[PDB]
Amino acid sequence: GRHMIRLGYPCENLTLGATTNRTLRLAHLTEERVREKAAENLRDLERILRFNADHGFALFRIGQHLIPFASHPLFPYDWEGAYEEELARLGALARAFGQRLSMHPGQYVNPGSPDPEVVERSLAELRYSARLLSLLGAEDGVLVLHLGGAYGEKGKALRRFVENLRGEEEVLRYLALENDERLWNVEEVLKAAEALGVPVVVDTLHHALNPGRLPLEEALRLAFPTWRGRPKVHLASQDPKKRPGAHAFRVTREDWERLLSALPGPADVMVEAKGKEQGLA
Ligand SMILES: [Mn+2]
Ligand SMILES: [Mn+2]
Ligand SMILES: [Mn+2]
Ligand code: NA
């Protein structure tokens, strides 16, 4: 059924054994082997889009390794010329299905690092991610990022984060910032996001562990105005008795309920659960 709240899951589908996330060792980074992996990941991207259209999922997060090692100085070919046509085609499918596409670079992507080498590698990775979403024609695509490390002093870490991203026209087309469970709350992310002119993704588990002064309801209410399009939110549940913020297999009914009650209006909810497409109902 057609709900005002659209759902998604990241990277892979467990029912199908489909993934967008195959990689390889850099010792095996041959033109032929990468083309191998990329092809299977693109095949799987397509199956997933089709499975989502038949099973009520409007959102999908494409894993970083879709084109394995694309941002790496040893990448064996022009991936954009190789794939532009097929990405446009997959992009048109996703739009025909009404699907919204996203990527979330890992915890080692840190534009606010003071190490210039980490900055350059991080920027390379975000530029590849943004180019991919551009080639898929993802008009409302999202590229989600945590604010990363305090590196001893937050004011300076944030100023580096903004300086190192303000110039990046293409990345800024898609970039949205997300609160975390340890270092940067929603009030903090809203400040960073305004400086950069980008939206805020509220994560409900992270919010719970690290709320600042804000009830979830006010967090969502402040975040909603930061999206020109449909706001995106993350939904996870605590994996019982494990490390705080560890993701449960399936989201609880109680946690789903609490978000539904807090949302100020229509939004897109990425379910971050170890079960993937089995993470809710
Ligand atoms: Mn996140
Ligand atoms: Mn999250
Ligand atoms: Mn999390
Ligand atoms: Na409730």
Side-chain angles (χ1 to χ4, degrees), residues 8-26 28-53 57-97 99-109 121-146 168 170-171 173-176 178 201 232 234 268 270-272 276-277:
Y9 59 86
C11 295
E12 75 167 331
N13 178 320
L14 291 182
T15 304
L16 311 186
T19 180
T20 57
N21 221 41
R22 303 171 176 76
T23 199
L24 33 65
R25 305 204 300 141
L26 84 169
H28 305 158
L29 212 82
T30 63
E31 219 262 18
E32 295 128 38
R33 267 260 232 300
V34 167
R35 268 184 186 279
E36 180 153 40
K37 301 290 183 182
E40 302 184 87
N41 290 337
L42 297 144
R43 171 203 46 151
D44 280 15
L45 183 52
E46 194 169 356
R47 294 173 72 194
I48 289 156
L49 298 185
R50 288 180 194 285
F51 172 105
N52 286 2
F57 290 104
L59 265 74
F60 183 63
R61 193 187 288 147
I62 291 158
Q64 283 321 114
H65 312 146
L66 182 82
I67 309 301
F69 288 80
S71 61
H72 184 292
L74 300 189
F75 194 75
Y77 56 101
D78 181 18
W79 67 261
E80 171 175 347
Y83 298 115
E84 41 181 353
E85 197 161 70
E86 177 190 9
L87 294 166
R89 186 186 81 78
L90 295 177
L93 195 60
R95 286 184 310 270
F97 295 144
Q99 285 155 25
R100 190 176 178 182
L101 306 183
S102 66
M103 324 189 61
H104 193 317
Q107 51 174 345
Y108 301 102
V109 173
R121 286 294 298 272
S122 287
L123 285 180
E125 186 68 359
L126 292 156
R127 284 178 188 149
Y128 147 66
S129 295
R131 185 57 46 73
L132 218 52
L133 291 172
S134 295
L135 294 167
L136 283 153
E139 56 198 331
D140 57 343
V142 192
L143 178 53
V144 184
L145 201 72
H146 293 297
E168 300 289 332
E170 202 179 21
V171 169
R173 181 146 325 164
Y174 308 104
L175 178 64
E178 178 191 355
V201 172
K232 178 189 185 163
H234 288 188
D268 293 341
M270 170 67 54
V271 178
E272 293 184 304
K276 308 297 174 164
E277 78 299 328

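Positions are given from 1, in the same order as the sequence printed here. Quick note: numbers below take in every heavy atom, side chains included, and nothing from hydrogens, waters or symmetry partners.
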- Task: Please examine the side chains of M270 and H104, heavy atoms only from C-beta on, and report whether any two atoms are closer than 4.5 Å.
- Result: no

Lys/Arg N to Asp/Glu carboxylate O, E272 vs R61, below 4.0 Å = yes

Fill in: Heavy atoms of other groups near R131 CZ, more than 12 under 6.0 Å
no

Check your understanding: Is there side-chain contact between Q107 and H146, with heavy atoms separated by less than 4.5 Å?
Key -> no

Tightest non-hydrogen contact, residues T23 and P68, listed as OG1-CB, 4.0 Å

Heavy-atom closest pair (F75 atom, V34 atom, distance to 0.1 Å) is CE1-CG1, 3.4 Å

Worksheet item: Between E46 and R89, is the closest basic N to carboxylate O distance under 4.0 Å?
Response: yes

OG1 (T19) and CG (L45) are apart, to the nearest 0.5 Å, by 10.5 Å

query: Does the side-chain contact (heavy atoms from CB on, under 4.5 Å) test come out yes or no for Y83 and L135, once each step is laid out?
result: CA-CA 9 Å; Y83 298 115; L135 294 167; over 6 Å; no

Notebook entry, point to check: Is there a donor-acceptor pair closer than 3.5 Å between any side-chain N or O of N21 and the backbone N or O of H65?
Noted result: yes

Across all chains, not counting sequence neighbours, the side chain to side chain contact (heavy atoms under 4.5 Å, CB included) partners of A82 are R35, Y77

Please tell me if the side chains of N52 and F60 come closer than 4.5 Å, counting only heavy atoms from C-beta onward. yes

Applying side chain to side chain donor-acceptor pair (under 3.5 Å) to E40 and not counting sequence neighbours gives none

Value for CD (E85) from CG (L90), rounded to nearest 0.5 Å, stands at 11.0 Å

Check whether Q99 reaches the backbone of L49 with its side chain - one donor and one acceptor, N or O, closer than 3.5 Å. yes

Can you check whether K232 reaches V144 side chain to side chain, under 4.5 Å on heavy atoms? yes

- Message: Has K276 got a side-chain atom pairing as donor or acceptor with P10's backbone, closer than 3.5 angstrom?
- Response: yes

The reported gap from NZ in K37 to CD in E32 (rounded to nearest 0.5 angstrom) is 14.5 Å

Value for SG (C11) from CG (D44), rounded to nearest 0.5 Å, stands at 12.5 Å

Report task. Under the side-chain hydrogen bond (donor to acceptor under 3.5 Å, both in side chains) rule, what do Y174 and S102 come out as? Steps first, then yes or no, please. Result -> CA-CA 9 Å; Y174 308 104; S102 66; over 6 Å; no

Separation between CG (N13) and CZ (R47), nearest 0.5 Å, reads 8.0 Å

Side-chain donor/acceptor of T20 to backbone N/O of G63, under 3.5 Å: yes

TODO: Assess whether side-chain contact (heavy atoms from CB on, under 4.5 Å) is satisfied between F69 and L74, documenting all intermediate values.
DONE: CA-CA 8 Å; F69 288 80; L74 300 189; over 6 Å; no

Smallest heavy-atom separation, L126 atom then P105 atom, equals CD2-CG, 3.8 Å

Problem - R127/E170 ion pair, N-O < 4.0 Å - result: no

Fit a plane to each ring of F57 and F51, take the angle between them on a 0 to 90° scale, and name the class: parallel (under 30°), tilted (30 to 60°) or perpendicular (over 60°). parallel

Q) Can you tell me if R33 uses its side chain to pair, donor with acceptor, with the backbone of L24 under 3.5 Å? A) no

In short, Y128 meets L66 closest at the heavy-atom pair OH-N, 4.0 Å

| message | Is it the case that the side chain of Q64 and the backbone of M103 share a donor-acceptor pair, with hydrogens and angles ignored and the cut-off at 3.5 Å? | response | no

Are the side chain of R173 and the backbone of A130 linked by a donor-acceptor contact shorter than 3.5 Å?
-> no

Tested for side chain to side chain contact (heavy atoms under 4.5 Å, CB included) against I62, the lone hit among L42, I48, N41, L136 is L136

Would you call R22 and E36 a side-chain contact if the rule is heavy atoms closer than 4.5 Å? no

Heavy-atom nearest pair, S71 first then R121, reads O-NE, 4.4 Å

